[PDB]
Amino acid sequence: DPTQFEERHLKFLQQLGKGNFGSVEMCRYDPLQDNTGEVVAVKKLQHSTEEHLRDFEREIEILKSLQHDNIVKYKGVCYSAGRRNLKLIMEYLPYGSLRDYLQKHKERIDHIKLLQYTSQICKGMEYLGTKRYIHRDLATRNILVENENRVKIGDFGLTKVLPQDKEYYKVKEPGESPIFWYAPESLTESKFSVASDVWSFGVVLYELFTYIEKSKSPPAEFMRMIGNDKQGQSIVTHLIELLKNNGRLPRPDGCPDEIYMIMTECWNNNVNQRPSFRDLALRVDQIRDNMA
Ligand SMILES: COc1cc(-c2ccc(O)cc2)cc2cnc(N)nc12
């Protein structure tokens, strides 16, 4: 009953984001028309083709299956009559994306706080891995802020389920891809694994410690290293050669050595040498303990 939401009772309040092949809106589920209803986050498809609806239903089943303090909560689904368009209903995290939150407050969020968020992201990712899910799009823009003390992973739109007999998922015909967060084997062979999510986690750690300084973003820095003259497919070709030759994002200004060492270990060309999320959460919590 409460996981079944009638669309006619969903009142549009504001736009929240436009990520993959859809959009997220803040709505009030108000079946009493007195504006006393619950505020929820609603994901819908901008282009709801057969293929997109099929992938969106898998995203919904993925989100529904996850129950963790650092993963956005699934609330329900709204079904349309006839062609069966879908809306994913989720909890609304009022402080918005971690990217926007950090870009707004900057260094007013101290290192202790950044490491609390880092630990929460590792814990959400470690739990995701126990379900054999590969996020593929871990970035601060896809992490949401519930309050000053808690962040949660969102946007499971690129998430893949590992085959039963394989430790990677190969994407045959990729769509829009966040190449500046991709592990080298994801760029070269379109192979995604827990280890490529660890590589992305290293990029998220870099984002946090740059405080989202625009000129320091992973796309701005990698484009600077390959040359700003590179365009389209040439960007991927030169990025692969850069990573193969140990070109990496620089240490963020004022980043503690112990944190930078974690980033560089996540960015290992050798897939098997990257740390596990279980170990990362242990390591980050010890650093937090030493700082406290
Ligand atoms: C883009 O902003 C958001 C995205 C999601 C979300 C989560 C899981 C998922 O598979 C797809 C989308 C949820 C959101 C919740 N509260 C706010 N502020 N924003 C949100």
Side-chain angles (χ1 to χ4, degrees), residues 3 5 7 10-29 37-48 51-79 85-105 109 117 120-121 123-125 127-129 131-161 169 171 175-178 181 192 197 200-201 204 207 212:
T3 62
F5 290 80
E7 50 196 49
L10 281 169
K11 294 181 184 180
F12 172 83
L13 298 171
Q14 73 174 299
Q15 198 168 79
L16 294 174
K18 213 100 85 175
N20 328 290
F21 34 98
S23 61
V24 187
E25 304 173 349
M26 174 193 174
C27 294
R28 188 180 302 274
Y29 185 63
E38 179 178 24
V39 173
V40 287
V42 177
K43 183 172 166 167
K44 65 166 90 173
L45 298 186
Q46 48 180 59
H47 291 272
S48 49
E51 182 187 71
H52 286 171
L53 284 168
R54 176 210 71 214
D55 292 332
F56 187 35
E57 201 158 9
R58 286 143 81 165
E59 171 181 359
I60 291 166
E61 288 290 325
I62 285 162
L63 193 67
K64 183 162 46 165
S65 76
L66 301 162
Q67 289 182 253
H68 187 276
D69 289 354
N70 307 116
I71 294 177
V72 177
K73 291 173 189 295
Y74 164 90
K75 286 179 97 89
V77 181
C78 184
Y79 292 95
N85 195 16
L86 302 166
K87 293 178 176 187
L88 165 62
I89 313 307
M90 301 171 274
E91 63 178 344
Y92 174 60
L93 295 201
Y95 285 51
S97 72
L98 181 55
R99 185 176 184 273
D100 289 349
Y101 185 79
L102 194 51
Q103 195 171 29
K104 207 264 172 184
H105 306 305
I109 300 320
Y117 302 154
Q120 294 169 358
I121 299 158
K123 293 174 183 169
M125 291 303 295
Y127 172 83
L128 190 67
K131 300 230 138 51
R132 298 182 55 80
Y133 296 160
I134 312 309
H135 192 282
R136 298 183 54 232
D137 199 7
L138 188 61
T140 65
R141 65 169 169 120
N142 293 327
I143 300 164
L144 291 311
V145 185
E146 191 185 353
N147 57 54
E148 71 180 14
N149 292 311
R150 188 173 290 171
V151 302
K152 304 197 180 190
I153 302 164
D155 211 318
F156 289 88
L158 298 196
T159 301
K160 295 296 182 190
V161 184
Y169 185 92
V171 172
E176 187 181 2
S177 306
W181 277 252
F192 298 89
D197 273 349
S200 295
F201 169 77
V204 165
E207 291 187 84
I212 322 299

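All residue numbers refer to positions in the sequence shown, counting from 1. Keep in mind that the numbers below use all heavy atoms, side chains included, and drop hydrogens, waters and symmetry copies. Just follow the structure's listing: the first ligand is 1, and inside any ligand the first atom is 1.
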Check your understanding: Below 6.0 angstrom between ring centroids: does that apply to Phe5 and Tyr29?
Key -> yes
So, are [X] and [Y] salt-bridged, with charged N and O less than 4.0 Å apart?
X      : Y     : result
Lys123 : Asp69 : no
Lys152 : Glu91 : yes
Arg58  : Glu61 : no
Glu38  : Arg28 : no

Check your understanding: Are any of the N/O atoms in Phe156 less than 3.5 Å from those in ligand 1?
Key -> yes
Exercise for review: Just go through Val42, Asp100, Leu93, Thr159 and tell me whose heavy atom is the nearest to atom 16 (N) of ligand 1.
Suggested key: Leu93
Exercise for review: Give the atoms of ligand 1, by number and element, whose distance to some non-hydrogen atom of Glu59 is under 4.0 Å.
Suggested key: 9 (C), 10 (O), 11 (C)
Point to revise | Step-by-step side chain to side chain donor-acceptor pair (under 3.5 Å) determination, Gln46 to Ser23 | key: CA-CA 6 Å; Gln46 48 180 59; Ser23 61; 5.9 Å; no
Review point. Applying a 4.0 Å heavy-atom criterion (strictly less than), which segment of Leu144 is in contact with ligand 1: side chain, backbone, both, or neither?
Key: side chain
Practice item. Name the closest protein heavy atom to atom 4 (C) of ligand 1, giving the residue it belongs to and the distance to 0.1 Å. Key: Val24 CG2, 3.9 Å
Check your understanding: In the protein, what heavy atom is nearest to atom 6 (C) of ligand 1, and what distance, to one decimal place, separates them?
Key -> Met90 SD, 3.5 Å
Point to revise | Non-hydrogen atom of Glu91 closer than 4.0 Å to ligand 1 | key: yes
